[PDB]
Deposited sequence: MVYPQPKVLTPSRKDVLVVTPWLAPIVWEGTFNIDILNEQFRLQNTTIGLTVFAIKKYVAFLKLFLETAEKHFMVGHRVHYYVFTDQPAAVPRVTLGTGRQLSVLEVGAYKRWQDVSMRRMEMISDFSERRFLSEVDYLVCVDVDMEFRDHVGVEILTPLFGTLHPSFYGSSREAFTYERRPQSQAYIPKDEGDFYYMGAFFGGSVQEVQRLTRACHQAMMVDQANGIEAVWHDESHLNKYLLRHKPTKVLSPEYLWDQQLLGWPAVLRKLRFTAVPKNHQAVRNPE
């Protein structure tokens, strides 16, 4: 049992909660997690989390994993895949039941290339969704099954209020990432995207293949794989969009009125 929905009360009066192609934009107050938890537990949903920790960024893993244990997908099956050039530096963090961690030794194109190769491996047969995040981050509040859908991106925290001409899309037509000044729905950040395994195979292959074309042509998109992620999600629109609750920098941007929760935040 849970509260009845209120047809004549808006979930939010201050923000857009559904895109013009009818994908939910996920903010606090738009979902009842008790309903979603039951839906996804009935399918025994398993979520894979990829994170890269190369060179000095191995230092971020301890807090990243400790705080993921408190706030990411708790109660669901989770498998962490840590891609790193220093496997001995992976901290031994104690995980809750139903949660596992694998270390994948590596191994600008690297993240799309490596997630593409990995996403095609038969050892993911049991994993239903992949979530791909930056490591220099911590979880401060719930990040759960409300994000899961065939394909999602996350609104970049510096640009959610910006008009599209101000978005830092790739603007040179000789790049595979090019987006004209009069096109674009949102500016998505490269630091949190995901979807079903099949949709993440598709996105990461397309971005990697596009990056290889630009390399052959002697061009590097302005924001590297984030430029390619934005061209891809313009042409293949996501089935949910995460609000900046899911990707925030409090030191830079504070705690604005429209953020009811700060869920996953940058570490200085």
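Enquirer: Spell out the unmodelled ranges of the deposited sequence for me, N- to C-terminal, numbering from the first residue.
Expert: Those stretches are 1, 109 to 116, 278 to 287, listed in order.
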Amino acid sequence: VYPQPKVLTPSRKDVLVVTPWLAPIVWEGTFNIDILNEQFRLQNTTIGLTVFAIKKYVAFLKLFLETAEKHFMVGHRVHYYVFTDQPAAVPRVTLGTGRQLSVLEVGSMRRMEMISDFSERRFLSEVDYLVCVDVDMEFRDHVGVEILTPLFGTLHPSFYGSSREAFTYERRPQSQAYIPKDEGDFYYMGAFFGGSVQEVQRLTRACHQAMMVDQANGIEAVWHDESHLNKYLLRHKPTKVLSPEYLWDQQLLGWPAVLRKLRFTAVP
From here on, numbers count along this sequence of modelled residues.
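Enquirer: Quick check on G107: across the other compared entries (only those modelling residues on both sides), is it unmodelled in a third or more?
Expert: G107: unmodelled in a third or more of the comparison entries.
Enquirer: Tell me which of 144 to 152 and 114 to 122 has the higher mean C-alpha B-factor in the deposited entry.
Expert: For C-alpha atoms only, the mean B-factor is higher in 114 to 122.
Enquirer: Check the entry's C-alpha temperature factors for 217 to 225 and 33 to 41, then say which stretch has the higher mean.
Expert: On average, C-alpha B-factors are higher across 217 to 225.
Enquirer: Highest Cα B-factor in the deposition, which of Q198, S108, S158, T97?
Expert: In the PDB entry, the greatest C-alpha B-factor among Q198, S108, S158, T97 is found at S108.
Enquirer: Per the entry's Cα B factor values, which of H79, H76, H71, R171 stands out as the maximum?
Expert: So the option with the highest C-alpha B-factor is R171.
Enquirer: Among the modelled residues of its chain, does the C-alpha B-factor of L101 lie in the lowest, middle or highest third?
Expert: Middle third by C-alpha B-factor.
Enquirer: Taking the entry's C-alpha B-factors for this chain, is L22 in the lowest, middle or highest third?
Expert: For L22, whose C-alpha B-factor we compare with every modelled residue in the chain, the answer is the lowest third.
Enquirer: Quick one: classify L233 as lowest, middle or highest third of the chain based on its Cα B-factor.
Expert: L233: CA B-factor falls in the lowest third of its chain.
Enquirer: Where does the C-alpha B-factor of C132 rank in its chain, lowest, middle or highest third?
Expert: Lowest third, going by the recorded CA B-factors of the chain.
Enquirer: Relative to the other modelled residues in the chain, which third contains the C-alpha temperature factor of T46: lowest, middle or highest?
Expert: Ranked within chain, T46 CA B lands in the middle tercile.
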